[PDB]
Amino acid sequence: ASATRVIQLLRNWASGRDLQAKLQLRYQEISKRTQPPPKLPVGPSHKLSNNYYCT
Amino acid sequence: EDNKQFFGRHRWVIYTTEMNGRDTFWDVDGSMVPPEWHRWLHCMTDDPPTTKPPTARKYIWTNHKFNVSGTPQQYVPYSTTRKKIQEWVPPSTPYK
Amino acid sequence: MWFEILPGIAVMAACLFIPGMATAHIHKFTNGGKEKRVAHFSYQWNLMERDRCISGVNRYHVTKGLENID
Amino acid sequence: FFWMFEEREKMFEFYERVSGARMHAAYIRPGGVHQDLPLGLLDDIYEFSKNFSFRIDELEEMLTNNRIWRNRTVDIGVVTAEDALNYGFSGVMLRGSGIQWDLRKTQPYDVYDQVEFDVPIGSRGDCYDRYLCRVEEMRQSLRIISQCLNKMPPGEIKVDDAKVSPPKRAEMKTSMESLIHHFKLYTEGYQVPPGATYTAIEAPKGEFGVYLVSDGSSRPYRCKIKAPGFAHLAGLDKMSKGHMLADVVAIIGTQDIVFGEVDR
Amino acid sequence: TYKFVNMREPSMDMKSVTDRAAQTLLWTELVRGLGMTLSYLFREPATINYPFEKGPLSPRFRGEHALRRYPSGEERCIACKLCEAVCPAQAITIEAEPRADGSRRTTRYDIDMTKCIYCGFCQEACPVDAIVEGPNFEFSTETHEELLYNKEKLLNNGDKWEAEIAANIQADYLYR
Amino acid sequence: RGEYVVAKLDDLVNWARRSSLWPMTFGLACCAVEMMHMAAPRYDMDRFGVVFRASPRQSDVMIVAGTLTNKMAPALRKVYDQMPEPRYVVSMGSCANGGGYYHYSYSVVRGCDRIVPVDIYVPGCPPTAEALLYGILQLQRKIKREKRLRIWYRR
Amino acid sequence: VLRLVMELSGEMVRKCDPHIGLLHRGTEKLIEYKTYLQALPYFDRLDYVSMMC
Amino acid sequence: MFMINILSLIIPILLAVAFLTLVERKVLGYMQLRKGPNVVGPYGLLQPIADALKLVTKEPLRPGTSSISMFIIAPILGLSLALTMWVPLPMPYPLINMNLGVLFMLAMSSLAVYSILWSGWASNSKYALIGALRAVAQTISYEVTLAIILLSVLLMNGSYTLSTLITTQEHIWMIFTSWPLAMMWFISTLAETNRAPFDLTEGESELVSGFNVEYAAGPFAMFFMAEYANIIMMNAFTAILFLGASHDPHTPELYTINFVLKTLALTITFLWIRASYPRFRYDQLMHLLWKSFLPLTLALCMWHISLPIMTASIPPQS
């Protein structure tokens, strides 16, 4: 779906930890969904010579 | 859209009060999202159709249709093939 | 977003609220503004009966002071 | 349930982003995975892995030291270490009792050998020890995730040999050999040399195996499924021999028996 | 390597026994969980407002099958029947024919959605990217016959979800 | 005339039914796990008045979640036959809708419809949680368009 | 899906008898009619909590 | 206007029970990261109305293998006792000043067994017949602890007049004197109302529901009404018994507000406990009270009867 500091200190003390370091939420830190076109690499046997399938 | 919210509540839709006859004011489903905005809704992209004009072409529909199941505009399956072995037409001249 | 629960119990509070003053007010309403005279022992009942008899209106919570007597 | 199921949904998002469906990927095919990951997937995995331990321990604190979670579960239905392995038990069922055995280390398939990790080994062989083993397996899983995330090499996704894996779409539409190979691969498929194998891996339930015997054609001859839950349910009678009904339902929990693989 | 999970036996000094007796009598771990759940009560609720807001997806999402067509408007399907030979559930059926123009299009092309298992094998099998799976998942129907698609229904699906499929393919063809 | 009063009354009744349908879970395969994800925090079925947990005696809708085998069929039949009216049964997943991956099996019925009436056909393998939820919403709109007392008054 | 025909002197369970087959699909019969490439998704739908495993 | 006061007691308790079925589904969900019902009206305020209408117009199935007499009487007993057991509560001016109000209400608290047994047996199902005896044993075995706790607490109050209990507390919260006792009492309350940590009757693996299995629609909803009315009633009992409040006779509303706030807090603690804890096992369930709770309760009662004597602080009888 951040909160008030009064509630922020209440949940942390009840949870006994500093949860603001990482919440179960996920804010703007996520990876962008419009990544540039990736140029994928090739495999080992991509040469045009000495690629005899027999060997 | 609100860029501050969580990734999944950062964008939303207020649906139309009316779409192709039906008055969808008080009740509405997720089927009146036109495809151009469908990708933007489901985070398939970060580009709204206003900023990202879909490539227009002749055969694309000019009016989105929600799921027409239930209403008499629903789809019914039917064989889309021609006829198999065809019957022999009897003659019309008399027996003699 | 705990405040969404706040309407939910609020009416609930009101739901438990009403039996509070309703019994409290009606007593005050019935007993001439005074609260109900609880009779937990027979002496209290005798006092209430003598008050009812002295009132002359068959209403115990009606009370008359020295102005009633000589 | 719900607290960790939100994270499970976050996993389903990755599943969707790699293969195309959030549950049934059809990703890992013979000759390597189907296609490469989308850009930015690694970063999101990194953030999730950072955030996960703070809720793994959170689940622990609710269950581990709780009085009634232990009392309902501690030392109910003991399984003897000797009697465990004869019963065909596997996975955490073995590790809960105390045998130091794990296919990820002893018989390392793929690159599991280069990955450093400890296994949780049980103490009393009871329900509670197995549950703790599952949680410590969560944490060691997070450590393994970090290790593989940091050291993924540059290379292709499928075996370069096109006769077993479909060619890339570029050479499909430009090269004769790729077109014919794809046509036959999706028409006939890679004919497998005749032979029988029993391949076993450390599935999270337990050791999961396939007895695949192929006659020597485009089709298999017989595949048999060793599911970790079958021998488990076979031994489930000896598993509970005097404990209450609430105990048998506490048993089928760390028995972790999904009825999709035992039943086949 | 391995780690023993539960061998941490307790000590027996006066302090440790007093602490354990207090924890057993004055319920503490009980209160620990009772306070953790409180922390989760005051947190931000994870909930997406359907259908106003939809779940995040990916360009590879596998959904309703559809038959695309070339920019000229001609359908891409040349009826090679590769997709029929690929579908593990055999949900695809084609009958081909030499058309009036000549191009070998399908007289019949039906996908049994109730037999389909939504794998994406057909699209990766297609050598002309004719059959594809659109991003739509909002086609829950009322009658079983409604699910059994036809060639015309597939063409209409490809003509409704078309900007979607074109944009997704443009963002995914490099991966595949 | 009577249509006004009877329509308002039955509109009230069908709204009450629509916003308080109680699923009878009934998960047979991976469709069960996807439904469980659909009741997870993210989509939160319980928000819409649906309660997911329901004994078959107190329930309104059955979700046939997964493949239905021959050995199962009598049990599902006895479960539905005991289900109090109204009882709308939704079939989720290609397997439950008809056949499935294991369409041509020997111990799997080729569709829940051959066993029990299906009110909403939900496709997917598995139907992604929100698709299930949309099927539930479609059933809700179906309950909205319910004219029981209208037909009684106009029989 | 599950069936436990249990025999119990009240509480301590004497002898259980699980009845698997309540979700029986002929997958092991189904494999040897499709190619391996077509046989893959069966395993995906086999243990549906550990798909990729 | 006496009957008007009665109705002003029943009806608001009915709305309170109705909206408890909403506040629980909201509190639980928020405790487990769920927004809860907020679609039926604003913030789900209208949701209890819809489910109530559905259950009223749901078909009530007659159990074919049953005698209808008890199938109808058991909801009557469970519901009517639950409501009439609200009668002697010290609102600032309690409705009925029964000289033995606490004993009156404790005696009526035992009557829920007399709905449980007929529901479990008359419906004539395995789950019903099991759960009837199991739940009966639960509630009867915790009623004793409730009894000694009530007696030991009252030994400092003065009498069984439940209106004077306020006069007992006045200065300090009574829990400050009997926090070891209340900690048991509250938990035993949790046991008597059959709540998730101590329910044991639902047990949705081997008992499913236990008593409300074959009950459908209306008679089924009546037992829920009894169950979620006992929640409020016993939380209110505990609230006055231990969490005292001020009461100025010239301003009755003050104690009313304080008391309803205490009741809401305690009910929220009920929901709080159920949303977190696992469920007991019958073995441990009766082990908890027979082995552990009862000896401590006996010793505490001995302590609390000896204490007023040695301190020369016996409470006033009248």
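Residue numbering begins at 1 within each chain, and the chains themselves are lettered A, B, C, D, E, F, G and H in the order written.
The rule is simple: a residue touches a chain if its C-beta (ideal position, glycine included) is under 8 Å from a C-beta of that chain, and two chains touch if they have at least 3 such contacts.
Here is each chain with its UniProt name: E = NADH dehydrogenase [ubiquinone] iron-sulfur protein 8, mitochondrial; H = NADH-ubiquinone oxidoreductase chain 1.
K.L.:
Name the chain whose C-alpha centroid is most distant from the C-alpha centroid of chain A.
P.N.:
Here the answer is chain C, farthest from chain A.
K.L.:
Go through A-E and D-E and name the pair with more C-beta contacts between its chains.
P.N.:
The comparison resolves to D-E.
K.L.:
Pick the chain whose C-alpha centre of mass, unweighted, sits closest to the average of all protein C-alpha coordinates shown.
P.N.:
F
K.L.:
So, what's the distance in Å between the C-alpha centres of chain H and chain E?
P.N.:
Chain E and chain H have C-alpha centres separated by 47 Å.
K.L.:
What's the distance between the Cα centroids of chain C and chain E, rounded to whole Å?
P.N.:
67
K.L.:
Let me have the rounded angstrom distance from the C-alpha centre of chain C over to the C-alpha centre of chain F, please.
P.N.:
55
K.L.:
For chain D and chain F, what's the span in angstrom between their mean Cα positions?
P.N.:
Centre-to-centre distance between chain D and chain F: 32 Å.
K.L.:
Two-or-more-chain contact residues of chain G, please, as numbers and ranges.
P.N.:
Chain G, residues with two or more chain partners: 1, 11, 21-25, 27, 34, 37-39, 41-42, 45, 48-49.
K.L.:
Counting only residues that touch at least 2 other chains, which ones in chain B make the list?
P.N.:
Chain B, residues with two or more chain partners: 6-9, 29-31, 43-45, 67, 69-70.
K.L.:
Name the residues of chain A that each touch 2 or more other chains.
P.N.:
1, 7, 15, 19, 23-26, 30, 32-33, 38, 40
K.L.:
Can you work out from the touch definition every pair of chains that touches here?
P.N.:
Between chains, contact exists in these pairs: A-B, A-D, A-E, B-E, B-F, C-E, C-H, D-E, D-F, D-G, D-H, E-F, E-G, E-H, F-G, F-H.
K.L.:
In their shared complex, at which residues does chain A touch chain E?
P.N.:
My answer: residues 1-3, 7, 10-12, 14-16, 19, 23-25, 37-40.
K.L.:
Report the residues of chain F in contact with chain D in the complex, numbered from low to high.
P.N.:
29-30, 33-34, 36-37, 40-42, 125-126, 128-129
K.L.:
Could you pull out which chain E residues touch chain D in their complex?
P.N.:
Contacts found on chain E: 1-7, 24, 27, 29-30, 32-33, 36-37, 40, 46, 56-62, 82, 85-86, 117-121, 124-125, 127, 133, 173, 175-176.
K.L.:
Quick one: in the complex, what on chain G touches chain F?
P.N.:
1, 21-27, 29-30, 41-42, 45, 48-49
K.L.:
Chain G touches which residues of chain D in the complex?
P.N.:
Result: residues 15, 23-30, 185-186, 188-190, 192, 201, 203-205, 208, 210, 218-225, 227, 230, 233, 236-237, 240-245, 248, 258-264 of chain D touch chain G.
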